[PDB]
Amino acid sequence: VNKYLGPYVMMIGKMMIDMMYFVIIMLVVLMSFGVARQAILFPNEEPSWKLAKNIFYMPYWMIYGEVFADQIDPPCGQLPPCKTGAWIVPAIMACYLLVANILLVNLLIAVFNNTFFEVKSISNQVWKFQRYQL
Amino acid sequence: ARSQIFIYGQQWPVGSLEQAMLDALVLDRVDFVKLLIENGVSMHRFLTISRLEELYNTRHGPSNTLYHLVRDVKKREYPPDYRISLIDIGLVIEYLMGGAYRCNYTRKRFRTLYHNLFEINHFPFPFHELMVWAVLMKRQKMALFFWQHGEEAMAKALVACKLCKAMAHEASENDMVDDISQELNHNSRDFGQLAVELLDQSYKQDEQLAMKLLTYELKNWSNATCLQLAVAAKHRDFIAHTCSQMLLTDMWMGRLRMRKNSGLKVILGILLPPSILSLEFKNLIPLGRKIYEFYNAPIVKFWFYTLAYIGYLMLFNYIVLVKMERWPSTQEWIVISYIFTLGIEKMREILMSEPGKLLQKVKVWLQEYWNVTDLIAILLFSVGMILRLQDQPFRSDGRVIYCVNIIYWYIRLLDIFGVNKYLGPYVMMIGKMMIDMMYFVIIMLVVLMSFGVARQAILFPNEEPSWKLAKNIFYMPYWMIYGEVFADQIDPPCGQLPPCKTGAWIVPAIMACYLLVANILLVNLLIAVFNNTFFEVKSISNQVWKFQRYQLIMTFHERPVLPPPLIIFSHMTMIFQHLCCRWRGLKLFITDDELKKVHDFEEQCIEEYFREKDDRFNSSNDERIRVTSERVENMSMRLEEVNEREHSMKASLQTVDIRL
Amino acid sequence: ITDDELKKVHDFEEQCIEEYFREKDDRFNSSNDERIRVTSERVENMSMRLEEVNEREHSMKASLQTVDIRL
Amino acid sequence: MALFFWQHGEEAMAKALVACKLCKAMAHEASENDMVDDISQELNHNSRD
Ligand SMILES: CC(C)CCC[C@@H](C)[C@H]1CC[C@H]2[C@@H]3CC=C4C[C@@H](OC(=O)CCC(=O)O)CC[C@]4(C)[C@H]3CC[C@]12C
Ligand SMILES: CC(C)CCC[C@@H](C)[C@H]1CC[C@H]2[C@@H]3CC=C4C[C@@H](OC(=O)CCC(=O)O)CC[C@]4(C)[C@H]3CC[C@]12C
Ligand SMILES: CC(C)CCC[C@@H](C)[C@H]1CC[C@H]2[C@@H]3CC=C4C[C@@H](OC(=O)CCC(=O)O)CC[C@]4(C)[C@H]3CC[C@]12C
Ligand SMILES: CC(C)CCC[C@@H](C)[C@H]1CC[C@H]2[C@@H]3CC=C4C[C@@H](OC(=O)CCC(=O)O)CC[C@]4(C)[C@H]3CC[C@]12C
Ligand SMILES: CC(C)CCC[C@@H](C)[C@H]1CC[C@H]2[C@@H]3CC=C4C[C@@H](OC(=O)CCC(=O)O)CC[C@]4(C)[C@H]3CC[C@]12C
Ligand SMILES: CC(C)CCC[C@@H](C)[C@H]1CC[C@H]2[C@@H]3CC=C4C[C@@H](OC(=O)CCC(=O)O)CC[C@]4(C)[C@H]3CC[C@]12C
């Protein structure tokens, strides 16, 4: 209701659609890495819905901090002799970590900047509209 | 010349008028040309094959790029090059224009005409080839002049725009002065602006004739239509004006005219297939026509092909995660049939290309990046298949290759989701920002591998030659960009535990410097670069969306009815019906009358455009200031003579009144 | 609202729209490009009338010379 | 013609506001009615005027 936080609420409501498009492109990259990960490392499991959790758990929290450094290239054959081609998993992960945490996020900074150019000139007067409603 | 040389009964000789016409052309004398055409020297009577040949073979006027062009065509096809033939310069339009413009010159038909002399030698539309001559040889006010006088002006504007842009790219390829690349670029932008202006003028005059203008076939301009010439031009603004977008809307919807939340209505149209009876179309048999119309729109082929793709990606995900027994599962057979028929689809598309030579076909197909990356995709998946149907250990490597393909087909779904019109621009943003990330990768590479060689060489003091050293160089610094700083590994307790090695106290400080210049400087440079690059790309945005839409439109008209997983069925009919009944799109075939209607519509529209430019120029403030300044000067002089002469009047009148 | 206050309101409204249209006409006439246009048109007329004054000037000069010839 | 009628008569403010709402109504409704984009643009222009 207040003339200072009310515009920020409106700004969020405008930014969510750009966030949704960010989310869609983030799903396509994250699921690419997930389909890669839960197959090259795990080549011998029966149909189970648990795989579905694994295809979303491990890549998603890599975006927001922890990269799960203990679970990446585990010490092989010195300990079980590890998987089919499991050395490629750090390389494709490095590609995922980069594209995801740099390109799309930084583009979303730019998106937010231009939309905040657009909606700041709106903001004070549209509060002056919404005031009437209450 | 217009006042005295062109006199009433100045006895004009025979042939010297056309000789002076030629001499006026070859010195770039545009208004002398206007003067002598104003006399009435039929320009159709002028253009002989010999006169045109020597019209190109003149070393006067401005700089002629056509020298280096004809030498490049002579090189790539297999002295002062005396008598530069019309065949060779026709090949120069073949090279510069590209695509599928097969010129009248370079067509075998007119070469068998030319073998007679290796209306009789006179073109039926001289202003066409004349414009082509003027545009290739730098002469731009000549090109405007021959654009005003002539027929099929829109087609002329587009071919001049493409030819001029192609000479711009050619001149930038030889690393000449930026003056010549600048003038070719500016000249092509001028023709493109004329094309847009004439289009919007035709739009304001009459709309249906504007569509008929933008859809008819151009027999003189190598049997194509204006949209094909424009998309060959990459003149984005012409495929951004509402006329072409309305036409492509009509093409995209096809022969159906439902158009009320169209995507939801078509996904309820194809699922539960008896739902299209309630959808309206453009005005036993009236149900078979409805199902055939609803199975041959571009939009239905798009959505039902996209359902095929997403079904493919679900099934291939179910293959790659679940165990693989020795003989492939039924889902895997569906997968490998999709890839095989997709390869047959690419092979069908490479055979059905408008360039005649197969090398030209594969060249113009390799111009498109997604298609060639689809080729390496299908090749690696078939390599993975042939490794998969063998025994151990190649089965595991086949699983590796299957994963490698899984990433790429996820990347292709970003392309099939590159529509939307609100997400298409997001795809173009990525496309532009990747190049800036490359420079980021170079600078981050040198600083990161500096820290890597530092941290290995300080901490590990006596190691033998092994490749694992490079893995230590590139492993530990890299993840510290993205969060985790490897807290246990940094400043290990020593000397209380193994003893400390050399000056292992320096590598905390080097790490401090690295994380500083990495997480605070370079990533935030990529913030700044991505911000202003977004500022340019937002300026175009939906505009380039409209441009890429056209390509999508054409492919989804030219693609068969079936999805790829079963498209082999329609390929069977392509090798059966078309080999039994025969072996044993936007292009509007138009009559000559309607053709003349479109023609004099063009003349009226271009003359309206020219009067609008002159009326804008006269009513502009600048012209008003100049003409009032000049006219106040003229009045000032006339006031001088009035004051002097009529003061002499007062003197004479007073003296005369004194006398009488 | 009561009817006489409504009549005052309606008088206010027609008054205010009248002053608005007067003010925009005076804005349009005092704007630069209209002054440029009207000056150009006026000076066009000035020059044609002045050239006519020139022709009629020479006619008077010849008339006065002929009158001085006969006096 | 509408602006001429807006000149004459009384209750000009209410007239202008109703005409603005109606013009924006034809604008958005014609955007969903899917004619030429020229009208929805000019309809928006009419509501702005
Ligand atoms: C392409 C994208 C956008 C969609 C998501 C793809 C995958 C994450 C989905 C698609 C199909 C799913 C499968 C569909 C069916 C099953 C069977 C299901 O088995 C059971 O419920 C009982 C066990 C049995 O008898 O098979 C286990 C999950 C699984 C493998 C699913 C795992 C997750 C899959 C591969
Ligand atoms: C793409 C985004 C925006 C959509 C989000 C939907 C899915 C990504 C989520 C929603 C609910 C999730 C499921 C919720 C519960 C389960 C049961 C869970 O099963 C078990 O832990 C044991 C049982 C078994 O493995 O069958 C496995 C993960 C799974 C399938 C989850 C997989 C991922 C799902 C389908
Ligand atoms: C800034 C840009 C240039 C990216 C920089 C990071 C990469 C160059 C690094 C990061 C992690 C590295 C990988 C970490 C682990 C491995 C596993 C390693 O495999 C083995 O040592 C074999 C073990 C076995 O035989 O089981 C081969 C190198 C590789 C792929 C490394 C290759 C180089 C990578 C991808
Ligand atoms: C300068 C920038 C751009 C890259 C950094 C380069 C180094 C990290 C490379 C270049 C030369 C490489 C060396 C070249 C040769 C060898 C021998 C090689 O020996 C073997 O593979 C077994 C014995 C043999 O056959 O030579 C072990 C790695 C090593 C020390 C390499 C380790 C990594 C080095 C130092
Ligand atoms: C322009 C960008 C992409 C630069 C990235 C290239 C290099 C940084 C990468 C590419 C391949 C990588 C190599 C791939 C495989 C190996 C073998 C690996 O050793 C083994 O597999 C056996 C020895 C052992 O580790 O015990 C050590 C890392 C090394 C040299 C990697 C070191 C880092 C390399 C040279
Ligand atoms: C203001 C910005 C630019 C930098 C702020 C951080 C630095 C002031 C700090 C961060 C980590 C610190 C280092 C952490 C550990 C050490 C090791 C220390 O040496 C030992 O402890 C000897 C070995 C032993 O005790 O066994 C000497 C100080 C030093 C280099 C510290 C110096 C000061 C550093 C670089």
# chains A, B, ... in the order shown; residues from 1 in each chain; ligands from 1
$ residues_around --residues "residue 113 in chain A" --least-positions-apart "2" --cutoff "12 Å" --atoms "only C-alpha atoms" --output "list in words"
residues 11, 15, 18, 106, 107, 108, 109, 110, 111, 115, 116, 117, 118, 119 and 120 of chain A; 527, 528, 530, 531, 532, 534, 535 and 538 of chain B
$ write_last_selection --atoms "C-alpha atoms" --output "compact mmCIF listing (two decimals), in the first residue's frame"
# COMPACT_ATOMS: atom_id res chain seq x y z
CA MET A 11 8.17 -4.64 -10.18
CA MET A 15 9.66 -9.63 -13.50
CA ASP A 18 10.85 -12.96 -17.65
CA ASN A 106 23.80 -12.68 -16.65
CA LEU A 107 21.33 -12.33 -19.51
CA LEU A 108 18.60 -12.24 -16.86
CA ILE A 109 20.48 -9.36 -15.17
CA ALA A 110 20.33 -7.53 -18.51
CA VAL A 111 16.63 -8.43 -18.97
CA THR A 115 12.47 -3.95 -17.88
CA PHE A 116 13.30 -1.82 -14.84
CA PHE A 117 14.05 1.00 -17.26
CA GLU A 118 10.55 0.44 -18.66
CA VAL A 119 8.49 0.04 -15.49
CA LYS A 120 10.07 2.68 -13.22
CA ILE B 527 27.46 -8.62 -16.63
CA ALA B 528 28.38 -5.29 -18.26
CA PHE B 530 25.78 -8.68 -21.65
CA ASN B 531 23.86 -5.59 -20.51
CA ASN B 532 24.79 -3.38 -23.44
CA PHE B 534 21.03 -6.74 -24.68
CA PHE B 535 20.56 -3.02 -25.32
CA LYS B 538 16.24 -5.33 -27.71
$ interface_residues --of "chain C" --to "chain B" --cutoff "8 Å" --atoms "only C-alpha atoms" --output "PyMOL selection string"
chain C and resi 33+36-37+39-40+43-44+47+50-51+54+57+61+64+68+71
$ closest_atom_pairs --of "chain A" --to "ligand 2" --cutoff "12 Å" --atoms "only C-alpha atoms and all ligand atoms" --output "Markdown table"
| residue | atom | partner | partner_atom_place_in_ligand_line | distance |
| --- | --- | --- | --- | --- |
| A:20 | CA | ligand 2 | 3 (C) | 9.9 |
| A:21 | CA | ligand 2 | 3 (C) | 11.6 |
| A:22 | CA | ligand 2 | 3 (C) | 11.7 |
| A:23 | CA | ligand 2 | 3 (C) | 8.0 |
| A:24 | CA | ligand 2 | 3 (C) | 7.9 |
| A:25 | CA | ligand 2 | 1 (C) | 10.7 |
| A:26 | CA | ligand 2 | 1 (C) | 9.7 |
| A:27 | CA | ligand 2 | 1 (C) | 6.3 |
| A:28 | CA | ligand 2 | 1 (C) | 8.9 |
| A:29 | CA | ligand 2 | 1 (C) | 11.5 |
| A:30 | CA | ligand 2 | 1 (C) | 9.8 |
| A:31 | CA | ligand 2 | 1 (C) | 8.7 |
| A:34 | CA | ligand 2 | 8 (C) | 11.5 |
| A:45 | CA | ligand 2 | 25 (O) | 11.2 |
| A:46 | CA | ligand 2 | 25 (O) | 10.1 |
| A:47 | CA | ligand 2 | 26 (O) | 8.3 |
| A:48 | CA | ligand 2 | 25 (O) | 4.5 |
| A:49 | CA | ligand 2 | 25 (O) | 3.7 |
| A:50 | CA | ligand 2 | 25 (O) | 3.5 |
| A:51 | CA | ligand 2 | 27 (C) | 6.6 |
| A:52 | CA | ligand 2 | 32 (C) | 4.4 |
| A:53 | CA | ligand 2 | 28 (C) | 4.0 |
| A:54 | CA | ligand 2 | 28 (C) | 7.5 |
| A:55 | CA | ligand 2 | 33 (C) | 8.0 |
| A:56 | CA | ligand 2 | 8 (C) | 6.8 |
| A:57 | CA | ligand 2 | 33 (C) | 8.9 |
| A:60 | CA | ligand 2 | 8 (C) | 10.9 |
$ write_last_selection --atoms "C-alpha atoms" --output "PDB file, in the first residue's frame"
ATOM      1  CA  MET A  20       9.402 -17.964 -16.271  1.00  0.00           C
ATOM      2  CA  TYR A  21      11.174 -17.786 -19.644  1.00  0.00           C
ATOM      3  CA  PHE A  22      14.478 -18.063 -17.759  1.00  0.00           C
ATOM      4  CA  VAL A  23      13.023 -21.112 -15.947  1.00  0.00           C
ATOM      5  CA  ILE A  24      12.064 -22.837 -19.231  1.00  0.00           C
ATOM      6  CA  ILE A  25      15.530 -22.408 -20.760  1.00  0.00           C
ATOM      7  CA  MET A  26      17.026 -23.457 -17.412  1.00  0.00           C
ATOM      8  CA  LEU A  27      14.970 -26.685 -17.471  1.00  0.00           C
ATOM      9  CA  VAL A  28      16.200 -27.534 -21.038  1.00  0.00           C
ATOM     10  CA  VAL A  29      19.899 -27.098 -20.058  1.00  0.00           C
ATOM     11  CA  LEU A  30      19.506 -28.727 -16.619  1.00  0.00           C
ATOM     12  CA  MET A  31      17.674 -31.753 -18.006  1.00  0.00           C
ATOM     13  CA  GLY A  34      20.615 -34.689 -15.926  1.00  0.00           C
ATOM     14  CA  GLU A  45      19.363 -49.859 -13.095  1.00  0.00           C
ATOM     15  CA  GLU A  46      15.845 -51.177 -13.599  1.00  0.00           C
ATOM     16  CA  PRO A  47      12.806 -48.941 -14.273  1.00  0.00           C
ATOM     17  CA  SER A  48      12.179 -46.972 -11.091  1.00  0.00           C
ATOM     18  CA  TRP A  49      10.711 -43.531 -10.427  1.00  0.00           C
ATOM     19  CA  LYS A  50      13.723 -42.846  -8.138  1.00  0.00           C
ATOM     20  CA  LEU A  51      15.708 -42.094 -11.327  1.00  0.00           C
ATOM     21  CA  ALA A  52      13.310 -39.188 -11.885  1.00  0.00           C
ATOM     22  CA  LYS A  53      14.345 -37.646  -8.556  1.00  0.00           C
ATOM     23  CA  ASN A  54      18.039 -38.216  -9.375  1.00  0.00           C
ATOM     24  CA  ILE A  55      17.637 -36.423 -12.792  1.00  0.00           C
ATOM     25  CA  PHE A  56      16.633 -33.225 -10.923  1.00  0.00           C
ATOM     26  CA  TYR A  57      18.260 -33.328  -7.466  1.00  0.00           C
ATOM     27  CA  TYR A  60      19.618 -28.051  -9.569  1.00  0.00           C
TER      28      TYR A  60
END
$ residues_near_ligand --ligand "ligand 4" --cutoff "12 Å" --atoms "only C-alpha atoms and all ligand atoms" --output "list in words"
residues 442, 443, 445, 446, 447, 448, 449, 450, 451, 452, 453, 454, 456, 457, 463, 464, 465, 466, 467, 468, 469, 470, 471, 472, 473 and 474 of chain B
$ atom_distance --atom1 "CA of residue 86 in chain B" --atom2 "CA of residue 191 in chain B"
24.1 Å
$ residues_near_ligand --ligand "ligand 3" --cutoff "6 Å" --atoms "only C-alpha atoms and all ligand atoms" --output "list in words"
residues 76, 87, 88, 90 and 91 of chain A; 441, 445, 471, 474, 475 and 478 of chain B
$ residues_near_ligand --ligand "ligand 6" --cutoff "12 Å" --atoms "only C-alpha atoms and all ligand atoms" --output "PyMOL selection string"
chain B and resi 487+490-517+520
